[PDB]
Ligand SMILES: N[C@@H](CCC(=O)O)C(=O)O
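We begin with a single chain expressed as structure tokens, specifically the form deposited without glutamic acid (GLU).
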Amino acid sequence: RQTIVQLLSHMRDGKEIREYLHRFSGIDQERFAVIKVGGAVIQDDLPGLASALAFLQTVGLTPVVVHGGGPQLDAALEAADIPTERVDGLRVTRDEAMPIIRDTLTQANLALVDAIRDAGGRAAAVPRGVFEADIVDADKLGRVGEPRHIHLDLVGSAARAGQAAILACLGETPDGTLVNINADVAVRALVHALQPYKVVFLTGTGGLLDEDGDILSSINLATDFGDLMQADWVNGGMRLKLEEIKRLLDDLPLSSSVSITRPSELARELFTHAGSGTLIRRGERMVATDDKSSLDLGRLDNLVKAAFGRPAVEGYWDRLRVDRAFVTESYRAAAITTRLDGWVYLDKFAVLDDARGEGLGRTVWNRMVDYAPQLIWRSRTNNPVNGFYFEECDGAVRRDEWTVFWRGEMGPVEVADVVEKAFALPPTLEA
């Protein structure tokens, strides 16, 4: 950590790393992150899981880990004594099953603690003592319980000691009787009590998938929630997650987020803007209008001045046409279309880096290219957004100063004429 005092200047993307670090170091205690890792992960990828969690804990951060026991107990060691795996409301365990669950959750818990230590970091075994539960479901569900309180003494002790606290889903009733707590109801209680700035689900998949097969980078629940639930291509398992994640995020401050990655990406996910998994925030709504009057042109001047680093030319704003503008509620990202020969033309796309990390730039760019299937725009040849534009474009012409892109399905010869006019437009920002 002292040997990471100025080990913050050189990695393959080194400057926004600093800022993500100096933000998770707003510790309070263990209010940094509640990381839920499934039973499947500790079995099929324990080293990678460990290195990833242990990496954090050397750079100062101390997550609170909750692990399940899916494959471990719900199979490998509870089909063994031919007990068989009945699943009622969401999980039944008769009194006979209890001592096996006890011994196999504790075994995974310690398996992980040691893995973290052996990987360079520090962990703290907390199988029990956190979850105080009620039992009301006796003949209904058996010995499964619902959290009434969270003792955070053991967890706090761990943070002060610089140790990732490792929780196992074992609970205790008021009068000390043991109980099996389901891993989801457990995470919820903990996220509630701790109010973490970050909730991470480490899965083997590495994030929710979109209609095309790709990983869904950002989800902005304010605009995207309805669209997803309603969709035909979203399978039952994705909707329960989203509905759950949203239930979690509605119980946290706006600054809290959820990430869904695989252990290997976890650092990429937490320490760069672009991320490396699925980010899900409550997010913010957007205005789609063609009435320039309504927009706060001052805040836009600011947005452009910050995003591009240079200001818009004198009297660019009141002289501007506007075919449609898309601006996020906070004026931290915006897309502004004009018209060029009757073609929709993207005149400004401005997104502050911190807005880019929350997925707002994509929230804006998607509503924009949804209105404009056939889109033409340009970008300086040095612009770092060029890689993003090129993944989104369908064609491009490249000169020594500007590069014109286009979207839609038009044979190159069709857009050859509008392209030349875009190269000959005056600069709307100096330098």
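In this text, residue numbers run from 1 along the sequence as written.
Heads up, the form deposited with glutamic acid (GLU) bound isn't pictured, but that's what we're talking about next.
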How would the site be scored, open or blocked, if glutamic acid (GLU) were superimposed onto this chain using its pose in the entry with it bound (blocked means 3 or more ligand atoms within 2.4 Å of backbone or C-beta)? open
Which one, 346-354, 161-169, 175-183, 241-249, holds residues whose non-hydrogen atoms are within 4.5 Å of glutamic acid (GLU) in the entry with it bound? 346-354
Report the residue, out of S379, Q43, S51, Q57, that has at least one non-hydrogen atom within 4.5 angstroms of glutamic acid (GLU) in the entry with it bound. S379
Taking heavy atoms and a 4.5 Å cut-off, does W317 contact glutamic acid (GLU) in the entry with it bound? no
Using a 4.5 angstroms cut-off on non-hydrogen atoms, would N383 count as touching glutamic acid (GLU) in the entry with it bound? yes
Check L429 for me: does it contact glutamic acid (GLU) in the entry with it bound (non-hydrogen atoms, 4.5 angstroms)? yes
